[PDB]
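Reviewing the structure listed below.
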Amino acid sequence: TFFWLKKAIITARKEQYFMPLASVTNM
Amino acid sequence: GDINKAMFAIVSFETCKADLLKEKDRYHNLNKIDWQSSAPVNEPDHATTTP
């Protein structure tokens with residue numbers, strides 16, 4: 001067995017630019 | 001081995017803009033700060049229970 005660092009290298013969430021522009025109309 | 005003899009101490013905490021605006025005189029340069037780059041997901045050193 002080995003000594004795992006327990007940090008979980010993860011990749012964050014990519015940004016979104018068009019969606020905040022759009023207004024939402026409920027159905 | 002003595003907490004009194006320590007020269008410095010550093011702490012990292014989670015704060016929001018309203019907290020800084022509570023005392024407007026005390027803080028400066030608020031408009032230049034960017035909130036996206038400094039986030040708990042982006043900073044791995046900070047350990048917290050926030051999703």
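Identifiers for the structure tokens are assigned positionally: chains receive A, B, ... in sequence, residues are indexed from 1 per chain, and ligands are indexed from 1 in the order shown.
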
Counting only C-alpha atoms, what are the residues of chain A within 10 Å of chain B, and for each of them which pair of atoms is the nearest and at what distance in Å, to one decimal? Sort the table by chain and rising number, as a tab-separated table.
```
residue	atom	partner	partner_atom	distance
A:7	CA	B:44	CA	8.5
A:8	CA	B:44	CA	9.9
A:9	CA	B:44	CA	9.2
A:10	CA	B:41	CA	9.0
A:11	CA	B:41	CA	9.0
A:12	CA	B:41	CA	6.8
A:13	CA	B:41	CA	9.2
A:15	CA	B:36	CA	9.8
```

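With distances restricted to only C-alpha atoms, B:39 is the closest residue to residue 16 in chain B from B:29, B:3, B:50, B:39.
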
Task: Expected answer as a list in words: helix (DSSP H, G or I) residues in chain A - done: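 Checking each residue of chain A, the helix (DSSP H, G or I) ones are residues 18, 19, 20 and 21 of chain A.
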
- [ ] Work out how far CA of residue 38 in chain B is from CA of residue 24 in chain B, in Å to one decimal.
- [x]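 Separation between CA of residue 24 in chain B and CA of residue 38 in chain B: 21.0 Å.
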
Task: Neighbour list for residue 17 in chain B as number ranges by chain, cut-off 12 Å, only C-alpha atoms, skip fewer than 6 positions in-chain - done: B: 23-24, 27, 30-31, 33-35

TODO: Fewer than 4 positions away in the same chain doesn't count, so skip those; otherwise give me all residues within 10 Å of range 11-13 of chain B, counting only C-alpha atoms, as a ChimeraX atom specification.
DONE: /B:45-48

TODO: In Å, rounded to a single decimal, give me how far CA of residue 51 in chain B is from CA of residue 14 in chain B.
DONE: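 Those two atoms sit 13.1 Å apart.
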
Task: Atomic distance CA of residue 19 in chain A - CA of residue 18 in chain B, expressed in Å with one decimal - done: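 About the pair CA of residue 19 in chain A and CA of residue 18 in chain B: they are 26.1 Å apart.
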